[PDB]
file final.pdb (PDB, C-alpha atoms and all ligand atoms)
ATOM      1  CA  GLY A 396      15.694 -15.188 -15.670
ATOM      2  CA  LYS A 397      17.856 -14.639 -12.587
ATOM      3  CA  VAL A 398      16.611 -12.476  -9.705
ATOM      4  CA  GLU A 399      18.952 -10.989  -7.096
ATOM      5  CA  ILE A 400      17.932  -8.856  -4.126
ATOM      6  CA  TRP A 401      20.252  -6.763  -1.988
ATOM      7  CA  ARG A 402      19.230  -4.930   1.116
ATOM      8  CA  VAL A 403      20.880  -1.492   1.353
ATOM      9  CA  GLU A 404      22.727  -1.058   4.672
ATOM     10  CA  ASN A 405      24.446   0.913   5.852
ATOM     11  CA  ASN A 406      26.532   2.368   3.057
ATOM     12  CA  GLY A 407      26.529  -0.554   0.628
ATOM     13  CA  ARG A 408      24.784  -3.749  -0.427
ATOM     14  CA  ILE A 409      24.169  -6.709   1.848
ATOM     15  CA  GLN A 410      22.667  -9.872   0.328
ATOM     16  CA  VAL A 411      19.103 -10.543   1.433
ATOM     17  CA  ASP A 412      18.203 -14.095   2.517
ATOM     18  CA  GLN A 413      17.113 -16.261  -0.443
ATOM     19  CA  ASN A 414      14.052 -17.522   1.498
ATOM     20  CA  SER A 415      13.159 -13.946   2.428
ATOM     21  CA  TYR A 416      12.613 -12.849  -1.204
ATOM     22  CA  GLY A 417       9.484 -10.693  -1.170
ATOM     23  CA  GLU A 418       9.902  -9.792   2.502
ATOM     24  CA  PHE A 419      10.879  -6.116   2.723
ATOM     25  CA  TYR A 420      11.230  -3.705   5.624
ATOM     26  CA  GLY A 421       9.199  -0.512   5.316
ATOM     27  CA  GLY A 422      12.059   1.686   6.635
ATOM     28  CA  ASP A 423      14.532   0.340   4.085
ATOM     29  CA  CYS A 424      15.531   0.443   0.430
ATOM     30  CA  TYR A 425      16.255  -2.620  -1.699
ATOM     31  CA  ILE A 426      18.028  -3.141  -4.996
ATOM     32  CA  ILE A 427      16.396  -5.798  -7.153
ATOM     33  CA  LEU A 428      18.409  -7.007 -10.148
ATOM     34  CA  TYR A 429      16.661  -8.853 -12.963
ATOM     35  CA  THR A 430      18.919 -10.414 -15.588
ATOM     36  CA  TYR A 431      17.608 -11.896 -18.817
ATOM     37  CA  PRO A 432      19.948 -13.196 -21.579
ATOM     38  CA  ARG A 433      19.594  -9.847 -23.406
ATOM     39  CA  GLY A 434      19.842  -6.880 -20.997
ATOM     40  CA  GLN A 435      19.212  -5.932 -17.362
ATOM     41  CA  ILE A 436      16.562  -4.289 -15.180
ATOM     42  CA  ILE A 437      17.307  -2.677 -11.815
ATOM     43  CA  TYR A 438      14.298  -2.069  -9.585
ATOM     44  CA  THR A 439      15.188   0.260  -6.704
ATOM     45  CA  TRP A 440      12.516  -0.476  -4.091
ATOM     46  CA  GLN A 441      12.152   2.443  -1.682
ATOM     47  CA  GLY A 442      10.215   1.912   1.538
ATOM     48  CA  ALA A 443       7.510   4.437   2.397
ATOM     49  CA  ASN A 444       9.328   4.925   5.728
ATOM     50  CA  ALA A 445      13.038   4.819   4.611
ATOM     51  CA  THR A 446      15.046   7.870   5.720
ATOM     52  CA  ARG A 447      16.127  10.254   2.953
ATOM     53  CA  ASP A 448      19.700   9.126   3.767
ATOM     54  CA  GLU A 449      18.819   5.608   2.602
ATOM     55  CA  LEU A 450      16.997   6.993  -0.460
ATOM     56  CA  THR A 451      20.242   8.678  -1.559
ATOM     57  CA  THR A 452      22.408   5.614  -0.871
ATOM     58  CA  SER A 453      19.962   3.399  -2.790
ATOM     59  CA  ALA A 454      20.137   5.714  -5.821
ATOM     60  CA  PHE A 455      23.935   5.880  -5.522
ATOM     61  CA  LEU A 456      24.165   2.085  -5.373
ATOM     62  CA  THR A 457      21.962   1.376  -8.408
ATOM     63  CA  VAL A 458      24.243   3.753 -10.336
ATOM     64  CA  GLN A 459      27.196   1.705  -9.003
ATOM     65  CA  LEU A 460      25.407  -1.496 -10.055
ATOM     66  CA  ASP A 461      24.437  -0.188 -13.507
ATOM     67  CA  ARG A 462      27.974   1.056 -14.217
ATOM     68  CA  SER A 463      29.435  -2.343 -13.340
ATOM     69  CA  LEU A 464      27.070  -3.980 -15.855
ATOM     70  CA  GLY A 465      28.127  -1.604 -18.632
ATOM     71  CA  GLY A 466      25.549   1.137 -18.152
ATOM     72  CA  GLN A 467      23.253  -1.027 -20.171
ATOM     73  CA  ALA A 468      20.716  -1.596 -17.398
ATOM     74  CA  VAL A 469      17.263  -0.050 -17.266
ATOM     75  CA  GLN A 470      16.709   1.670 -13.925
ATOM     76  CA  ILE A 471      13.242   1.858 -12.361
ATOM     77  CA  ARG A 472      12.571   3.732  -9.125
ATOM     78  CA  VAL A 473       9.895   1.837  -7.204
ATOM     79  CA  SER A 474       8.013   3.447  -4.312
ATOM     80  CA  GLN A 475       6.438   1.095  -1.777
ATOM     81  CA  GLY A 476       3.165  -0.053  -3.328
ATOM     82  CA  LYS A 477       3.803   1.241  -6.865
ATOM     83  CA  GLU A 478       5.640  -1.788  -8.346
ATOM     84  CA  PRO A 479       5.331  -2.219 -12.144
ATOM     85  CA  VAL A 480       3.620  -5.484 -13.145
ATOM     86  CA  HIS A 481       6.838  -7.120 -14.407
ATOM     87  CA  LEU A 482       8.440  -6.819 -10.979
ATOM     88  CA  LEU A 483       5.647  -8.506  -8.981
ATOM     89  CA  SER A 484       6.154 -11.421 -11.420
ATOM     90  CA  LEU A 485       9.651 -12.068 -10.028
ATOM     91  CA  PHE A 486       7.995 -13.188  -6.801
ATOM     92  CA  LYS A 487       7.039 -16.665  -7.983
ATOM     93  CA  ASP A 488       3.494 -17.100  -6.622
ATOM     94  CA  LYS A 489       4.505 -16.115  -3.089
ATOM     95  CA  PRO A 490       2.941 -12.819  -1.941
ATOM     96  CA  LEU A 491       4.840  -9.643  -1.209
ATOM     97  CA  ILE A 492       5.268  -8.938   2.491
ATOM     98  CA  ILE A 493       6.082  -5.443   3.732
ATOM     99  CA  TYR A 494       7.066  -4.917   7.363
ATOM    100  CA  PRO A 509       5.485  -8.522  19.967
ATOM    101  CA  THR A 510       1.862  -7.947  18.918
ATOM    102  CA  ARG A 511       1.530  -7.363  15.169
ATOM    103  CA  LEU A 512      -1.232  -6.659  12.638
ATOM    104  CA  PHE A 513      -0.947  -7.354   8.891
ATOM    105  CA  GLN A 514      -3.352  -6.195   6.159
ATOM    106  CA  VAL A 515      -3.848  -8.520   3.175
ATOM    107  CA  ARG A 516      -5.135  -7.082  -0.102
ATOM    108  CA  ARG A 517      -5.498  -8.099  -3.725
ATOM    109  CA  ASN A 518      -7.062  -5.875  -6.367
ATOM    110  CA  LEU A 519      -7.956  -6.506  -9.995
ATOM    111  CA  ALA A 520      -5.121  -9.027 -10.485
ATOM    112  CA  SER A 521      -1.650  -7.574  -9.689
ATOM    113  CA  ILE A 522      -0.309  -9.383  -6.634
ATOM    114  CA  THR A 523      -1.536 -10.139  -3.156
ATOM    115  CA  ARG A 524       0.053  -7.421  -1.057
ATOM    116  CA  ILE A 525       0.624  -7.950   2.661
ATOM    117  CA  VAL A 526       1.272  -4.822   4.736
ATOM    118  CA  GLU A 527       2.025  -4.413   8.454
ATOM    119  CA  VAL A 528      -0.259  -1.827  10.073
ATOM    120  CA  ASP A 529      -0.846  -0.153  13.475
ATOM    121  CA  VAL A 530      -2.275  -2.544  16.090
ATOM    122  CA  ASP A 531      -5.586  -0.652  16.344
ATOM    123  CA  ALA A 532      -9.164  -1.745  15.673
ATOM    124  CA  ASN A 533      -9.602   1.115  13.196
ATOM    125  CA  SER A 534      -6.806  -0.382  11.105
ATOM    126  CA  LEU A 535      -9.370  -3.025  10.175
ATOM    127  CA  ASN A 536     -11.071  -2.977   6.821
ATOM    128  CA  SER A 537     -14.178  -4.850   5.690
ATOM    129  CA  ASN A 538     -12.745  -5.384   2.204
ATOM    130  CA  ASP A 539      -9.494  -7.124   3.220
ATOM    131  CA  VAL A 540      -8.194  -9.976   5.407
ATOM    132  CA  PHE A 541      -6.096  -9.380   8.534
ATOM    133  CA  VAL A 542      -3.580 -11.400  10.523
ATOM    134  CA  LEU A 543      -3.201 -10.540  14.216
ATOM    135  CA  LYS A 544      -0.033 -12.126  15.606
ATOM    136  CA  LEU A 545      -0.046 -12.370  19.397
ATOM    137  CA  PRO A 546       3.131 -12.508  21.528
ATOM    138  CA  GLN A 547       2.581 -16.199  22.401
ATOM    139  CA  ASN A 548       3.033 -17.224  18.727
ATOM    140  CA  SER A 549      -0.673 -17.644  18.037
ATOM    141  CA  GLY A 550      -3.441 -15.364  16.793
ATOM    142  CA  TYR A 551      -6.361 -14.583  14.513
ATOM    143  CA  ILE A 552      -7.029 -14.389  10.791
ATOM    144  CA  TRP A 553      -9.882 -11.877  10.548
ATOM    145  CA  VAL A 554     -11.798 -12.230   7.289
ATOM    146  CA  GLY A 555     -13.562  -9.042   6.173
ATOM    147  CA  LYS A 556     -17.053  -9.298   4.690
ATOM    148  CA  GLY A 557     -15.929  -8.340   1.175
ATOM    149  CA  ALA A 558     -12.652 -10.257   1.126
ATOM    150  CA  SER A 559     -11.421 -12.534  -1.671
ATOM    151  CA  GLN A 560     -10.236 -16.150  -1.339
ATOM    152  CA  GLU A 561      -6.841 -15.039  -2.689
ATOM    153  CA  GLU A 562      -6.619 -12.634   0.226
ATOM    154  CA  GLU A 563      -7.279 -15.460   2.668
ATOM    155  CA  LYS A 564      -4.415 -17.432   1.058
ATOM    156  CA  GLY A 565      -2.105 -14.435   1.506
ATOM    157  CA  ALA A 566      -3.148 -14.264   5.167
ATOM    158  CA  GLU A 567      -2.337 -17.949   5.631
ATOM    159  CA  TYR A 568       1.072 -17.306   4.044
ATOM    160  CA  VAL A 569       2.176 -14.526   6.452
ATOM    161  CA  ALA A 570       1.007 -16.706   9.318
ATOM    162  CA  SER A 571       3.539 -19.362   8.300
ATOM    163  CA  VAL A 572       6.341 -16.802   7.840
ATOM    164  CA  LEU A 573       5.644 -15.496  11.288
ATOM    165  CA  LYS A 574       5.375 -19.103  12.559
ATOM    166  CA  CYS A 575       1.951 -18.189  13.911
ATOM    167  CA  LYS A 576      -0.820 -20.603  14.965
ATOM    168  CA  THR A 577      -4.007 -18.954  13.689
ATOM    169  CA  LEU A 578      -7.727 -19.175  14.423
ATOM    170  CA  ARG A 579     -10.058 -18.004  11.643
ATOM    171  CA  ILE A 580     -12.849 -15.539  12.574
ATOM    172  CA  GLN A 581     -15.300 -13.589  10.414
ATOM    173  CA  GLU A 582     -16.361  -9.922  10.511
ATOM    174  CA  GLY A 583     -19.407  -9.666  12.793
ATOM    175  CA  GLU A 584     -18.550 -12.989  14.451
ATOM    176  CA  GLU A 585     -15.471 -11.844  16.376
ATOM    177  CA  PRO A 586     -14.991 -13.405  19.811
ATOM    178  CA  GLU A 587     -14.347 -10.993  22.673
ATOM    179  CA  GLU A 588     -10.615 -11.736  23.071
ATOM    180  CA  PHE A 589      -9.961 -10.511  19.518
ATOM    181  CA  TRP A 590     -10.989  -6.996  20.578
ATOM    182  CA  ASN A 591      -8.984  -7.209  23.829
ATOM    183  CA  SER A 592      -5.819  -7.974  21.866
ATOM    184  CA  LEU A 593      -6.343  -4.912  19.636
ATOM    185  CA  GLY A 594      -6.842  -2.858  22.812
ATOM    186  CA  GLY A 595     -10.621  -2.461  22.584
ATOM    187  CA  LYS A 596     -13.354  -2.511  19.950
ATOM    188  CA  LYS A 597     -13.609   0.680  17.905
ATOM    189  CA  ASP A 598     -15.156   1.679  14.573
ATOM    190  CA  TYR A 599     -12.913   0.691  11.676
ATOM    191  CA  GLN A 600     -12.698   1.306   7.913
ATOM    192  CA  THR A 601     -15.982   0.095   6.424
ATOM    193  CA  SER A 602     -18.812   1.062   4.036
ATOM    194  CA  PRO A 603     -21.665  -0.563   2.047
ATOM    195  CA  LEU A 604     -19.341  -0.813  -0.969
ATOM    196  CA  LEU A 605     -16.213  -1.764   1.003
ATOM    197  CA  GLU A 606     -18.087  -4.653   2.622
ATOM    198  CA  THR A 607     -19.018  -6.015  -0.861
ATOM    199  CA  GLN A 608     -16.255  -7.716  -2.876
ATOM    200  CA  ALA A 609     -17.767  -6.064  -6.005
ATOM    201  CA  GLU A 610     -15.300  -4.703  -8.570
ATOM    202  CA  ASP A 611     -17.797  -3.183 -11.019
ATOM    203  CA  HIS A 612     -16.934   0.403 -10.051
ATOM    204  CA  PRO A 613     -13.363   0.426  -8.671
ATOM    205  CA  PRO A 614     -12.057   3.518  -6.827
ATOM    206  CA  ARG A 615     -10.549   6.168  -9.082
ATOM    207  CA  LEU A 616      -8.196   8.886  -7.809
ATOM    208  CA  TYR A 617      -7.485  12.229  -9.494
ATOM    209  CA  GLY A 618      -4.913  14.958  -8.877
ATOM    210  CA  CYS A 619      -6.361  18.463  -9.174
ATOM    211  CA  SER A 620      -3.774  21.250  -9.400
ATOM    212  CA  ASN A 621      -3.130  24.691 -10.875
ATOM    213  CA  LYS A 622       0.663  24.827 -10.489
ATOM    214  CA  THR A 623       0.705  24.980 -14.293
ATOM    215  CA  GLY A 624      -1.527  28.077 -14.402
ATOM    216  CA  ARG A 625      -4.682  26.462 -15.714
ATOM    217  CA  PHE A 626      -6.644  24.182 -13.386
ATOM    218  CA  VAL A 627      -6.149  20.590 -14.597
ATOM    219  CA  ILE A 628      -7.579  17.365 -13.192
ATOM    220  CA  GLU A 629      -5.539  14.267 -13.990
ATOM    221  CA  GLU A 630      -6.014  10.642 -12.946
ATOM    222  CA  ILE A 631      -3.514   8.754 -10.806
ATOM    223  CA  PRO A 632      -2.505   5.683 -12.838
ATOM    224  CA  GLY A 633      -2.357   2.090 -11.573
ATOM    225  CA  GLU A 634      -2.654   1.105  -7.948
ATOM    226  CA  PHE A 635      -2.659   4.231  -5.820
ATOM    227  CA  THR A 636      -1.396   4.727  -2.275
ATOM    228  CA  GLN A 637      -1.064   7.318   0.472
ATOM    229  CA  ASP A 638       2.047   8.931  -1.057
ATOM    230  CA  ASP A 639       0.101   9.673  -4.254
ATOM    231  CA  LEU A 640      -1.805  12.292  -2.269
ATOM    232  CA  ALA A 641      -0.074  15.499  -3.339
ATOM    233  CA  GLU A 642       0.553  17.350  -0.078
ATOM    234  CA  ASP A 643       0.209  20.672  -1.983
ATOM    235  CA  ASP A 644      -2.886  20.078  -4.165
ATOM    236  CA  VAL A 645      -6.446  18.750  -4.122
ATOM    237  CA  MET A 646      -7.342  15.085  -4.640
ATOM    238  CA  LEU A 647     -10.591  13.676  -6.011
ATOM    239  CA  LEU A 648     -11.485  10.139  -4.968
ATOM    240  CA  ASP A 649     -14.530   8.810  -6.806
ATOM    241  CA  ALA A 650     -15.589   5.892  -4.605
ATOM    242  CA  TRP A 651     -18.725   5.552  -6.783
ATOM    243  CA  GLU A 652     -21.112   5.553  -3.795
ATOM    244  CA  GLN A 653     -19.387   8.722  -2.620
ATOM    245  CA  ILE A 654     -17.028  11.383  -3.939
ATOM    246  CA  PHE A 655     -14.241  12.597  -1.667
ATOM    247  CA  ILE A 656     -12.383  15.874  -2.083
ATOM    248  CA  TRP A 657      -9.136  15.606  -0.130
ATOM    249  CA  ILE A 658      -7.565  18.996   0.561
ATOM    250  CA  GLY A 659      -3.803  19.128   1.114
ATOM    251  CA  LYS A 660      -2.378  21.527   3.703
ATOM    252  CA  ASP A 661      -0.739  23.572   0.898
ATOM    253  CA  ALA A 662      -3.514  23.819  -1.701
ATOM    254  CA  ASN A 663      -4.751  27.059  -3.289
ATOM    255  CA  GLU A 664      -8.177  28.319  -2.377
ATOM    256  CA  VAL A 665      -8.913  28.241  -6.123
ATOM    257  CA  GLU A 666      -7.775  24.602  -6.263
ATOM    258  CA  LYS A 667     -10.294  23.816  -3.517
ATOM    259  CA  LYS A 668     -13.253  25.707  -4.954
ATOM    260  CA  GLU A 669     -12.748  24.458  -8.534
ATOM    261  CA  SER A 670     -12.472  20.888  -7.212
ATOM    262  CA  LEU A 671     -16.075  21.297  -6.095
ATOM    263  CA  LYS A 672     -17.173  22.765  -9.454
ATOM    264  CA  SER A 673     -15.550  19.752 -11.136
ATOM    265  CA  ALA A 674     -16.902  16.973  -8.907
ATOM    266  CA  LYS A 675     -20.343  18.517  -9.502
ATOM    267  CA  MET A 676     -19.575  18.300 -13.231
ATOM    268  CA  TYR A 677     -18.409  14.689 -12.630
ATOM    269  CA  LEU A 678     -22.036  13.870 -11.765
ATOM    270  CA  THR A 689     -24.598  10.701  -4.556
ATOM    271  CA  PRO A 690     -22.827  12.436  -1.589
ATOM    272  CA  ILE A 691     -19.765  14.644  -2.046
ATOM    273  CA  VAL A 692     -17.731  14.910   1.159
ATOM    274  CA  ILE A 693     -14.920  17.427   1.645
ATOM    275  CA  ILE A 694     -11.937  16.127   3.605
ATOM    276  CA  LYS A 695      -9.011  17.874   5.314
ATOM    277  CA  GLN A 696      -5.509  16.351   5.431
ATOM    278  CA  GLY A 697      -4.783  14.429   8.655
ATOM    279  CA  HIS A 698      -8.543  14.571   9.189
ATOM    280  CA  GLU A 699      -9.448  11.695   6.844
ATOM    281  CA  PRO A 700     -12.442   9.546   7.925
ATOM    282  CA  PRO A 701     -12.115   5.721   8.063
ATOM    283  CA  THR A 702     -14.588   5.536   5.154
ATOM    284  CA  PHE A 703     -12.054   7.355   2.903
ATOM    285  CA  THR A 704      -8.913   5.814   4.412
ATOM    286  CA  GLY A 705     -10.178   2.275   3.668
ATOM    287  CA  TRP A 706      -9.566   2.561  -0.085
ATOM    288  CA  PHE A 707      -5.813   2.559   0.567
ATOM    289  CA  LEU A 708      -3.743  -0.447   1.559
ATOM    290  CA  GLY A 709      -2.191   0.432   4.901
ATOM    291  CA  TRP A 710      -2.621   4.025   5.967
ATOM    292  CA  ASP A 711       0.253   5.459   7.933
ATOM    293  CA  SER A 712      -1.647   8.153   9.808
ATOM    294  CA  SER A 713       1.633   9.450  11.288
ATOM    295  CA  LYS A 714       3.696  10.274   8.186
ATOM    296  CA  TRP A 715       3.591  14.086   8.083
TER     297      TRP A 715
HETATM  298 CA    CA A 801      16.584   1.398   8.372
HETATM  299 CA    CA A 802     -10.087  -6.830  -0.569
HETATM  300 CA    CA A 803      -1.132  23.470  -5.789
END
call {"tool": "encode", "arguments": {"input": "final.pdb", "output": "structure tokens"}}
result
Amino acid sequence: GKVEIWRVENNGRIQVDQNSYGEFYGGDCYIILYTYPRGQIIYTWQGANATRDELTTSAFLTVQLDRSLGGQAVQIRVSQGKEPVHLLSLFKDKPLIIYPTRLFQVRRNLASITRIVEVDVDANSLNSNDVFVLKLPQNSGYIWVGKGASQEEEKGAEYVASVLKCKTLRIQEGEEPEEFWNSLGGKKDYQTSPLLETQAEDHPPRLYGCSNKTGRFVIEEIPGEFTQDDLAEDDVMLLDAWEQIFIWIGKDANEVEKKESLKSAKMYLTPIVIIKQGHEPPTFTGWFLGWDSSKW
């Protein structure tokens, strides 16, 4: 089964480097063409940071692509971090990378793929559950292994290191030398919790969308891997972290949405913390891979 990847720029398709398959820029859209002897699948990968101008061109270009194949192709719109399982398979055992001093977050959950995501170069970008690669300007750096991190995540870390041509030293959470903190611009408190720090998978995080835009108040679960963009800016979100239940309130939620979210989390039963948008604590933010604090 043939795989072809085009980067969209600036009003058309430019072929992405064959070696760079799986390496995507966050501010860009990509057209991934999968051809099997029977039909076709077009994955339109849209970066969480791509401008709406690119989002339109990407959609226009997959239509152009589909029409040139006969209109026979299945078209699947993929948001950054919401890739259907069949896609992540087209990246043959190499992990997905999503892009002078740089910090990458490495995460694998409940199979899927190892996902590598570039994050802000702050200490509070850190996360006890995942592995991190800190690339320094001198082409060296640190692989920081969180306390609840998997071996697969360490392998992902080691992979980015080689893509970045970076000479890494391996350090463990709690055993950081003092230059590690200096390179992140000081030691702060990062994303961490009793359950984050344990690699346990027994009670995985579950996210629900609570809304009343349909008249009745309905709580529905977010399917698959969830990310930041799954947080409905105009509704209320329930995150059952097992040890804790978060109620995330969007800037545009009803007052009824808010107050019935409480009634329902108290039916869903352990602390129950209410969280304002843009005011999310590191303990909540940690359950997401990357967390672009500066979207909205
Ligand atoms: Ca761009
Ligand atoms: Ca992890
Ligand atoms: Ca609403």
call {"tool": "resolve_selection", "arguments": {"input": "final.pdb", "expression": "the PyMOL selection byres (((chain A and resi 566-582) around 6) and not hetatm)", "output": "NGL selection string"}}
result
:A and (548-556 or 563-565 or 583-585)
call {"tool": "resolve_selection", "arguments": {"input": "final.pdb", "expression": "the PyMOL selection byres (((not hetatm)) within 8 of (chain A and resi 801))", "output": "PyMOL selection string"}}
result
chain A and resi 404+420+422-423+445-446+449
call {"tool": "resolve_selection", "arguments": {"input": "final.pdb", "expression": "the PyMOL selection byres (((chain A and resi 660-666) around 8) and not hetatm)", "output": "VMD selection string"}}
result
chain A and resid 619 to 621 626 642 to 645 658 to 659 667 to 670 695 to 696
call {"tool": "residues_around", "arguments": {"input": "final.pdb", "residues": "residue 538 in chain A", "least_positions_apart": "6", "cutoff": "10 Å", "atoms": "only C-alpha atoms", "output": "PDB file with C-alpha atoms, keeping the file's coordinate frame"}}
result
ATOM      1  CA  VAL A 515      -3.848  -8.520   3.175  1.00  0.00           C
ATOM      2  CA  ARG A 516      -5.135  -7.082  -0.102  1.00  0.00           C
ATOM      3  CA  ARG A 517      -5.498  -8.099  -3.725  1.00  0.00           C
ATOM      4  CA  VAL A 554     -11.798 -12.230   7.289  1.00  0.00           C
ATOM      5  CA  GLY A 555     -13.562  -9.042   6.173  1.00  0.00           C
ATOM      6  CA  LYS A 556     -17.053  -9.298   4.690  1.00  0.00           C
ATOM      7  CA  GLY A 557     -15.929  -8.340   1.175  1.00  0.00           C
ATOM      8  CA  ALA A 558     -12.652 -10.257   1.126  1.00  0.00           C
ATOM      9  CA  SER A 559     -11.421 -12.534  -1.671  1.00  0.00           C
ATOM     10  CA  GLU A 562      -6.619 -12.634   0.226  1.00  0.00           C
ATOM     11  CA  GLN A 600     -12.698   1.306   7.913  1.00  0.00           C
ATOM     12  CA  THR A 601     -15.982   0.095   6.424  1.00  0.00           C
ATOM     13  CA  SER A 602     -18.812   1.062   4.036  1.00  0.00           C
ATOM     14  CA  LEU A 604     -19.341  -0.813  -0.969  1.00  0.00           C
ATOM     15  CA  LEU A 605     -16.213  -1.764   1.003  1.00  0.00           C
ATOM     16  CA  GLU A 606     -18.087  -4.653   2.622  1.00  0.00           C
ATOM     17  CA  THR A 607     -19.018  -6.015  -0.861  1.00  0.00           C
ATOM     18  CA  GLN A 608     -16.255  -7.716  -2.876  1.00  0.00           C
ATOM     19  CA  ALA A 609     -17.767  -6.064  -6.005  1.00  0.00           C
ATOM     20  CA  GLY A 705     -10.178   2.275   3.668  1.00  0.00           C
ATOM     21  CA  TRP A 706      -9.566   2.561  -0.085  1.00  0.00           C
TER      22      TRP A 706
END
call {"tool": "atom_distance", "arguments": {"input": "final.pdb", "atom1": "CA of residue 693 in chain A", "atom2": "CA of residue 650 in chain A"}}
result
13.1 Å
call {"tool": "axis_aligned_box", "arguments": {"input": "final.pdb", "around": "range 635-643 of chain A", "padding_each_side": "6 Å", "output": "lines of an AutoDock Vina configuration file"}}
result
center_x = -0.3
center_y = 12.5
center_z = -2.7
size_x = 16.7
size_y = 28.4
size_z = 18.3
call {"tool": "atom_distance", "arguments": {"input": "final.pdb", "atom1": "CA of residue 689 in chain A", "atom2": "CA of residue 704 in chain A"}}
result
18.7 Å
call {"tool": "atom_distance", "arguments": {"input": "final.pdb", "atom1": "CA of residue 653 in chain A", "atom2": "CA of residue 691 in chain A"}}
result
6.0 Å
call {"tool": "closest_residue", "arguments": {"input": "final.pdb", "among": "A:712, A:475, A:514, A:673", "to": "residue 634 in chain A", "atoms": "all atoms listed in the file"}}
result
A:475
call {"tool": "residues_around", "arguments": {"input": "final.pdb", "residues": "residue 478 in chain A", "least_positions_apart": "4", "cutoff": "9 Å", "atoms": "all atoms listed in the file", "output": "JSON list (two decimals) with C-alpha atoms, keeping the file's coordinate frame"}}
result
[["chain", "number", "residue", "atom", "x", "y", "z"],
["A", 438, "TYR", "CA", 14.30, -2.07, -9.59],
["A", 440, "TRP", "CA", 12.52, -0.48, -4.09],
["A", 472, "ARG", "CA", 12.57, 3.73, -9.12],
["A", 473, "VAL", "CA", 9.90, 1.84, -7.20],
["A", 474, "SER", "CA", 8.01, 3.45, -4.31],
["A", 482, "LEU", "CA", 8.44, -6.82, -10.98],
["A", 483, "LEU", "CA", 5.65, -8.51, -8.98],
["A", 634, "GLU", "CA", -2.65, 1.10, -7.95]]
call {"tool": "residues_around", "arguments": {"input": "final.pdb", "residues": "residue 532 in chain A", "least_positions_apart": "2", "cutoff": "8 Å", "atoms": "all atoms listed in the file", "output": "NGL selection string"}}
result
:A and (530 or 534-535 or 590 or 593-599)
call {"tool": "residues_around", "arguments": {"input": "final.pdb", "residues": "residue 636 in chain A", "least_positions_apart": "3", "cutoff": "9 Å", "atoms": "all atoms listed in the file", "output": "ChimeraX atom specification"}}
result
/A:475-477,639-640,706-710
call {"tool": "write_last_selection", "arguments": {"input": "final.pdb", "atoms": "C-alpha atoms", "output": "short mmCIF file (atom, residue, chain, number, x, y, z; two decimals), keeping the file's coordinate frame"}}
result
data_model
loop_
_atom_site.label_atom_id
_atom_site.label_comp_id
_atom_site.auth_asym_id
_atom_site.auth_seq_id
_atom_site.Cartn_x
_atom_site.Cartn_y
_atom_site.Cartn_z
CA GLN A 475 6.44 1.10 -1.78
CA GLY A 476 3.16 -0.05 -3.33
CA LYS A 477 3.80 1.24 -6.86
CA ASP A 639 0.10 9.67 -4.25
CA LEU A 640 -1.80 12.29 -2.27
CA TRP A 706 -9.57 2.56 -0.08
CA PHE A 707 -5.81 2.56 0.57
CA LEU A 708 -3.74 -0.45 1.56
CA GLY A 709 -2.19 0.43 4.90
CA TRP A 710 -2.62 4.03 5.97
#
call {"tool": "closest_residue", "arguments": {"input": "final.pdb", "among": "A:524, A:433, A:511, A:675", "to": "residue 469 in chain A", "atoms": "all atoms listed in the file"}}
result
A:433
call {"tool": "closest_residue", "arguments": {"input": "final.pdb", "among": "A:419, A:617, A:431, A:703", "to": "residue 468 in chain A", "atoms": "all atoms listed in the file"}}
result
A:431
call {"tool": "residues_around", "arguments": {"input": "final.pdb", "residues": "residue 417 in chain A", "least_positions_apart": "5", "cutoff": "9 Å", "atoms": "all atoms listed in the file", "output": "PyMOL selection string"}}
result
chain A and resi 483+485-486+489-493
call {"tool": "closest_residue", "arguments": {"input": "final.pdb", "among": "A:541, A:715, A:589, A:655", "to": "ligand CA 802 (chain A)", "atoms": "all atoms listed in the file"}}
result
A:541
call {"tool": "closest_residue", "arguments": {"input": "final.pdb", "among": "A:522, A:450, A:656, A:471", "to": "ligand CA 802 (chain A)", "atoms": "all atoms listed in the file"}}
result
A:522
call {"tool": "build_atoms", "arguments": {"input": "final.pdb", "residues": "range 624-629 of chain A", "atoms": "N, CA, C and O atoms", "output": "JSON list (two decimals), in the coordinates of the input"}}
result
[["chain", "number", "residue", "atom", "x", "y", "z"],
["A", 624, "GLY", "N", -0.78, 26.89, -13.99],
["A", 624, "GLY", "CA", -1.53, 28.08, -14.40],
["A", 624, "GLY", "C", -3.00, 27.79, -14.55],
["A", 624, "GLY", "O", -3.83, 28.31, -13.80],
["A", 625, "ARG", "N", -3.33, 26.97, -15.54],
["A", 625, "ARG", "CA", -4.68, 26.46, -15.71],
["A", 625, "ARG", "C", -4.95, 25.40, -14.66],
["A", 625, "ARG", "O", -4.02, 24.74, -14.19],
["A", 626, "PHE", "N", -6.22, 25.24, -14.30],
["A", 626, "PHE", "CA", -6.64, 24.18, -13.39],
["A", 626, "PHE", "C", -6.88, 22.88, -14.15],
["A", 626, "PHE", "O", -7.82, 22.78, -14.95],
["A", 627, "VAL", "N", -6.03, 21.88, -13.91],
["A", 627, "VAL", "CA", -6.15, 20.59, -14.60],
["A", 627, "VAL", "C", -6.35, 19.42, -13.64],
["A", 627, "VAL", "O", -5.63, 19.27, -12.65],
["A", 628, "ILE", "N", -7.35, 18.59, -13.94],
["A", 628, "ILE", "CA", -7.58, 17.36, -13.19],
["A", 628, "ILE", "C", -7.01, 16.21, -13.99],
["A", 628, "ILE", "O", -7.37, 16.00, -15.15],
["A", 629, "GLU", "N", -6.10, 15.46, -13.37],
["A", 629, "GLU", "CA", -5.54, 14.27, -13.99],
["A", 629, "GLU", "C", -5.59, 13.04, -13.08],
["A", 629, "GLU", "O", -5.43, 13.14, -11.86]]
